[PDB]
Number of protein chains: 2
Amino acid sequence: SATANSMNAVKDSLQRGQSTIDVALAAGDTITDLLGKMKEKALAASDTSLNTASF
Amino acid sequence: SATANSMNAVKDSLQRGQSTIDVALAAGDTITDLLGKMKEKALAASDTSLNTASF
């Protein structure tokens, strides 16, 4: 019975881990969007027909 | 998805190149007209029956 009761703490820990990963995935959506925009910036800047102000 | 989004910069570059060539062709119309007029000037000046003032 004591062994069965201690599984409540195990469940609490696993749910805490799922919450931590949820916050990391929410940050990762922001980071992958930012990286796609930065790739578009570097791709546009590699063109040599741009003037200095656009670069 | 990031690869598809970066094609917008490729399209921007190709349109910029078309604009640069358009300006060059507009200048080239002027230059070919001027060269045709200069050929008419040299052709008239090669005649030896002209007096000095006309030449």
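Judging from the entry metadata, cryo-EM is the method by which this structure was determined, and 2.22 Å is the reported resolution.

Scanning chain A from N- to C-terminus turns up one helix and zero strands. Over its C-alpha trace chain A gives a radius of gyration of 24 Å, far above what one expects of a compact globule, namely 10 Å for 55 residues. Dimensions of chain A along its principal axes, counting C-alpha atoms only, are 75 × 15 × 10 Å. When the accessible surface of chain A is summed, it comes to about 4,700 Å², and 62% of that surface belongs to carbon and sulfur atoms. For chain A, the centre of its 5 positive side-chain charges and the centre of its 6 negative side-chain charges are spaced 4 Å apart.

A word on the pattern of salt bridges. Under the defined criterion, the tally for this structure stands at one salt bridge over all chains. The salt bridge involving B:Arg16 is made with A:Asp47; its shortest N-O contact spans 3.2 Å. Of this pair, B:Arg16 sits in helix 1 (residues 2-45) while A:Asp47 is found in the segment after helix 1 (2-45), placing the two residues in two different chains. A relative accessible area of 18% places A:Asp47 in the buried class.

At a closest axis distance of 9 Å, the pairing of helix 1 of chain A and helix 1 of chain B adopts a crossing angle of 25°. Between helix 1 of chain A and helix 1 of chain B, the crossing angle belongs to the class labelled roughly parallel. When you trace helix 1 of chain A past helix 1 of chain B, the crossing you get is right-handed. In contact with A:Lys39, A:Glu40, A:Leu43 and A:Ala44 of helix 1 of chain A, helix 1 of chain B contributes B:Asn5, B:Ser6, B:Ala9 and B:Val10.

Time to look at the interface of chain B and chain A. Tallying the contact residues gives six residues for chain B and seven residues for chain A. Looking only at chain B, the three residues that lose the most surface to chain A are B:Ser6, B:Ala9 and B:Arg16, adding up to 64% of its buried area. Linking chain B to chain A there are one salt bridge. The interface formed by chain B and chain A contains three residue pairs in polar contact. Here the side of chain B that touches chain A is built from residues that sort into two nonpolar, three polar and one charged.

The subject of this paragraph is a nonpolar patch on the surface. All names here are of chain A. A grouping of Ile31, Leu34, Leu35 and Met38 is seen on the molecular surface, where their side chains present a nonpolar patch of about 400 Å² in accessible area. As for its position among the elements, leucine 34 is in helix 1. Here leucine 34 falls in the partly exposed class, since its relative accessible area comes to 42%.

What counts as what
Residues numbered from 1 in each chain as written, not as in the entry; some residues may be left out. Chains lettered and ligands numbered in written order. Part of a larger assembly, values for the part shown. Heavy atoms only, no water. Helix = DSSP H or I, 4+ residues; strand = E, 2+ residues; numbered from the N terminus. Rg over C-alpha atoms; globule rule 2.2 N^0.38 Å. Areas by Shrake-Rupley, 256 points an atom, 1.4 Å probe, with all protein chains shown as cover. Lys, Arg positive; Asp, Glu negative; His and termini not counted. Charge placed at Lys NZ, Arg CZ, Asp CG, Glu CD. Salt bridge = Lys/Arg side-chain N within 4 Å of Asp/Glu carboxyl O. Buried < 20%, exposed > 50% of the residue type's maximum accessible area, 1.4 Å probe, protein only. Axes fitted to C-alpha atoms, helices over the stretch in contact; angles between N-to-C directions. Parallel < 35°, antiparallel > 145°, perpendicular 65-115°, else oblique. Left-handed = near helix turned anticlockwise from the far one by under 90°. Contact = heavy atoms within 4.5 Å. Buried area = accessible area lost by both parts, 1.4 Å probe. Polar contact = N/O pair within 3.5 Å; in protein donor to acceptor, adjacent residues only side chain to side chain. Nonpolar A, V, L, I, M, F, W, Y, C, P; charged D, E, K, R; others polar. Patch = residues over 30% accessible without salt bridge, like charges linked within 9 Å, V, L, I, M, F, W, Y side chains within 5 Å.

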